[PDB]
Protein chains: 2
Amino acid sequence: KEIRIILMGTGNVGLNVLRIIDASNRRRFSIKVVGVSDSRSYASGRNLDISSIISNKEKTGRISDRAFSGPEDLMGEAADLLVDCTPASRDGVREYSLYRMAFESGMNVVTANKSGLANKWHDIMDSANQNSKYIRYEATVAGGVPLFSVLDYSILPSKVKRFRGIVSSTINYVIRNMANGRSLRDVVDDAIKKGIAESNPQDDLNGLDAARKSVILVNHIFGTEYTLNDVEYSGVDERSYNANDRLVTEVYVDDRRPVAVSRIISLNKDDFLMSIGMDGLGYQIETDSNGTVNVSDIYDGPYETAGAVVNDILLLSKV
Amino acid sequence: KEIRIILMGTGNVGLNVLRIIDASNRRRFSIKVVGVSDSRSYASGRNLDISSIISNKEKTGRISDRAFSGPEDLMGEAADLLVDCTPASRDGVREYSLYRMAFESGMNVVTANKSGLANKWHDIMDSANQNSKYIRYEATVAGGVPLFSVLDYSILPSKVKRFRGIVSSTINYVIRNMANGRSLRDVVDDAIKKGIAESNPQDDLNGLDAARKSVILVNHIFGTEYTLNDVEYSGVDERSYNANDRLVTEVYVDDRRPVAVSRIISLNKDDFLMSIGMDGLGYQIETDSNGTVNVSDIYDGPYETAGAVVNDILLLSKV
Ligand SMILES: NC(=O)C1=CN([C@@H]2O[C@H](COP(=O)(O)OP(=O)(O)OC[C@H]3O[C@@H](n4cnc5c(N)ncnc54)[C@H](OP(=O)(O)O)[C@@H]3O)[C@@H](O)[C@H]2O)C=CC1
Ligand SMILES: NC(=O)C1=CN([C@@H]2O[C@H](COP(=O)(O)OP(=O)(O)OC[C@H]3O[C@@H](n4cnc5c(N)ncnc54)[C@H](OP(=O)(O)O)[C@@H]3O)[C@@H](O)[C@H]2O)C=CC1
Ligand code: NA
Ligand code: NA
């Protein structure tokens, strides 16, 4: 009948998460938001008025006029699930702490934030295990393109041999647009307007966003507990880019060891990844029992990413 | 720990279903096959030896030397699930009868066969409802491309506004190859070699395979109970085909009524469907909360279709 959530972060993605929940509730499970924050304020309570919170955030830039000190402020209400739409920390410790607090409080977790899982996979899964809880992370790789839900429920009979995809938006948008002769400033301005740039855009340009995604992918698919120290990645540099250059993230096994690598590649015309449009993301998974499957979208933005977060909420409602 | 199945039909798709199950069991839930048939013979028992059955079918063309009269022959063993890999009947009545028997016997159903659902959706769902059982049908539209599992578990928050795809293989392969100047015989020979042609290949050429898929799609997505009488379809004709012609199946709402239409269309260069290779299938779903999602594969054959069937078996194991 109803799932109670706490939402941390109400920016590009988190405010859209509220919008989707509100639209969903109006069709009528029910998703009841019992706690919500931004960096400075919060709301907490049994019957929180989501459209009113959306309106107040849009108009004033704040969730409320009630100062937020940390996650502890939100643990006064019984909830089933914590949703993390906060920006990446440098080391993942803040996120680990949040998820651990959630798990110990009887909650599962849904996250769009990549830093906790990219840095602290081991400690996060240990706390999940010890508390008998779950974490889902659809939005952490290729925002709005179905990926982990596909791997979890569409190719159950298979071993995955390889993953290759365009999964980090801003770096790819930058490379493609600079190949057309645009300045970095202009492209970055467009990425911000679209809502796809990281809260720290240097994370995009140095390839760190892709790197984080590659950790989550390799650990998910091959069962490893790698960190950023174990993957290879590259950022944008001063080269003149070609029209067919893309920042491709690959996960596969080399000499019995899983590898995660993000690199700039000049793609062949017939590569599936070249079918992906300027505003989209996508990937290809090679499997041993379900063939080679290709998945992409047309426009991958914070709204679509929010839809991935809400899909995760609904998948966890059935546990 | 274990799911017990009965498999009806051990042709291109069904023998691969056994192969996948056997490979799966060797990695070690367990899928235990307690009944299996082809048109003339069957095996039934607690500890059936799948690799031995595969070998006997491959070598001799028969499952066993024990005459099969109908589904009743297989109901002596307790099972959780019936799998239908039999060919399409003209009217769906045989399939309805089979599923009804299964449901009443305490079993769920997984099917690759499109005719029951395309003709008898209402009666089949009624019997499922009345007996509190389920039916899954991943393999019935676009063999090995994940479709219903995507709609069920990857875009839960959304309303689907439209579906468009290349989902009927043989007719598309024929059109594309004849556009290259090949004779019908040569192309049909290749389709049979690949294992993608229907047991009655006229079902492919007159567009009936696509039509059946369109019924299943419109009923699944929009909640209707249409039959073949309610959809529009076309077959191959004597025209000279263009390089960009494809038989596209669309499902959408026109003036408040859902519509299902399969038709030959000359696609634009930038259409996602033009990214689909000669041996593949794929589609695009427009959604209101998860964007527009594209899904395809590289080689859609009876092995990949079998993998879709086994995914359905594994999804039902968790009920
Ligand atoms: N943009 C995209 O399409 C994609 C985003 N993601 C991930 O989603 C997450 C959110 O992205 P996005 O919404 O664009 O980011 P934003 O910067 O737009 O929003 C971040 C939100 O969290 C708040 N916040 C910042 N620091 C803290 C803090 N330490 N504790 C609590 N709240 C905090 C912000 O406060 P305030 O409103 O006061 O600024 C804001 O509400 C990121 O981790 C990102 O990597 C994943 C895939 C796609
Ligand atoms: N080929 C493909 O990739 C696709 C197939 N499908 C569907 O899968 C189903 C099977 O296709 P495919 O394996 O190619 O077909 P085949 O003709 O190769 O195999 C059919 C199997 O069923 C047996 N059979 C025929 N009639 C009956 C009967 N009335 N009762 C019990 N068994 C019977 C056949 O017997 P015997 O071995 O004695 O001939 C054979 O074992 C079809 O409905 C098809 O539409 C769906 C998507 C993709
Ligand atoms: Na995703
Ligand atoms: Na399918």
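In what follows, chains are A, B, ... by sequence order, proteins preceding strands, each numbered from 1. In each ligand, atom 1 is the first atom listed, and ligand 1 is the first ligand listed. Note: hydrogens, waters and symmetry copies are ignored here, and every other heavy atom, side chains too, is used.
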>> If only side-chain N and O atoms count, and only distance matters, is there a donor-acceptor pair under 3.5 Å linking B/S168 with B/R212?
In response: no
> Which heavy-atom pair separates A/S44 from A/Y42 by the least distance, and what is that distance?
Replying inline: CB-CE1, 4.0 Å
>> Can you give me the closest heavy-atom contact between B/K194 and B/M278, atom names plus distance?
In response: NZ-O, 4.2 Å
>> Out of all atoms in ligand 1, which are within 4.0 Å of some heavy atom of A/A88? Include the element for each.
In response: 43 (O)
> Heavy atoms only: which of A/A139, A/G195, A/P302 is nearest to atom 1 (N) of ligand 1?
Replying inline: A/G195
> Looking at the Na ion (ligand 3), is one of the N, O or S atoms of A/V141 less than 3.0 Å from it?
Replying inline: yes
> Considering only heavy atoms, which of A/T170, A/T86, A/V13 lies nearest to atom 9 (C) of ligand 1?
Replying inline: A/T86
> Strictly by modelled atom types, are B/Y283 and B/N294 linked by a side-chain donor-acceptor pair under 3.5 Å?
Replying inline: no
> Should you measure from each heavy atom of A/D38, which atoms of ligand 1 turn up under 4.0 Å away?
Replying inline: 32 (N), 35 (O), 36 (P), 37 (O), 38 (O), 41 (O)
>> Under 6.0 Å from the ring centre and within 45 degrees of the ring axis: does the NZ or CZ of B/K114 meet both conditions for the six-membered ring of B/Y137?
In response: no
> For ligand 1, which atoms sit closer than 4.0 Å to a heavy atom of A/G11?
Replying inline: 13 (O), 18 (O), 19 (O), 21 (C), 40 (C), 41 (O)
>> Under a 3.5 Å threshold, yes or no: a donor from one side chain and an acceptor from the other, between A/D84 and A/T86?
In response: yes
>> Regarding atom 24 (N) of ligand 1: of the candidates A/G9, A/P87, A/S115, A/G116, which has the closest heavy atom?
In response: A/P87
> Considering only heavy atoms, which of A/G143, A/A142, A/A112 lies nearest to atom 7 (C) of ligand 1?
Replying inline: A/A112
> Which heavy-atom pair separates A/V174 from A/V187 by the least distance, and what is that distance?
Replying inline: CA-CG1, 3.6 Å
>> Under a plain distance cut-off of 3.5 Å, with no hydrogens placed, do A/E198 and A/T170 share a side-chain donor-acceptor pair?
In response: no
> So is A/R94 close enough to ligand 1, meaning a heavy atom under 4.0 angstrom away?
Replying inline: yes
> Which of the atoms of ligand 1 are close to A/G301, meaning less than 4.0 Å from one of its heavy atoms?
Replying inline: 3 (O)
> Under 4.0 Å from any heavy atom of A/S199, which atoms of ligand 1 are there?
Replying inline: 15 (O), 16 (P), 17 (O)
> Is B/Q202 atom CD crowded by more than 12 heavy atoms from other residues, nucleotides or ligands, each under 6.0 Å away?
Replying inline: no
> Among all protein non-hydrogen atoms, which one is nearest to atom 3 (O) of ligand 1, and what is the separation to 0.1 Å?
Replying inline: A/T305 OG1, 3.2 Å
> Taking the Na ion (ligand 3) as the vertex, how big is the angle to OE2 in A/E138 and O in A/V145, rounded to 10°?
Replying inline: 80°
> With a cut-off of 3.0 Å, does any N, O or S atom of A/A139 fall short of it relative to the Na ion (ligand 3)?
Replying inline: no
> Of all heavy-atom pairs between A/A67 and A/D73, which one has the smallest distance, and what is that distance?
Replying inline: O-OD2, 4.0 Å
> If you measure from each non-hydrogen atom of B/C85 to ligand 2, which part falls under 4.0 Å: side chain, backbone, both or neither?
Replying inline: backbone
>> Checking a contact table here: which protein heavy atom is nearest atom 41 (O) of ligand 1, and how many Å away?
In response: A/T10 N, 3.0 Å
>> Consider side chain to side chain contact (heavy atoms under 4.5 Å, CB included). Of B/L82, B/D38, B/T111, B/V83, which one does B/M8 pass it with?
In response: B/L82
> Taking the side chain as C-beta and beyond, is there a heavy-atom pair between A/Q284 and B/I298 under 4.5 Å?
Replying inline: yes
> What's the shortest heavy-atom distance between B/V295 and B/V293, and which atoms?
Replying inline: CG2-CG1, 3.9 Å
> Is B/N113 touching ligand 2 with its side chain, its backbone, both, or neither, if touching means heavy atoms under 4.0 Å apart?
Replying inline: both
>> Suppose we measure from atom 18 (O) of ligand 2 to each protein heavy atom; which comes out shortest, and what is that distance?
In response: B/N12 N, 3.1 Å
> Knowing that exactly one of B/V145, B/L147, B/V110 qualifies, which makes a side chain to side chain contact (heavy atoms under 4.5 Å, CB included) with B/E138?
Replying inline: B/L147
>> At less than 4.0 angstrom from any non-hydrogen atom of B/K114, what atoms of ligand 2 do you find?
In response: 45 (O), 46 (C), 47 (C)
> Should you measure from each heavy atom of B/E198, which atoms of ligand 2 turn up under 4.0 Å away?
Replying inline: 44 (C), 45 (O)
> Does atom 28 (C) of ligand 2 have a protein non-hydrogen atom under 4.0 Å from it?
Replying inline: no
>> If I apply the N/O under 3.5 Å rule, does B/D209 come out as touching ligand 2?
In response: no
> Does at least one non-hydrogen atom of A/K57 fall below 4.0 angstrom from an atom of ligand 1?
Replying inline: yes
> What pair of heavy atoms forms the shortest contact from B/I63 to B/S37, and how long is it?
Replying inline: CG1-C, 4.1 Å
> Is the Na ion (ligand 3) less than 3.0 Å from at least one N/O/S atom of A/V167?
Replying inline: no
> To the nearest 0.1 Å, how far is atom 36 (P) of ligand 1 from its closest protein heavy atom, and which atom is that?
Replying inline: A/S39 OG, 3.6 Å
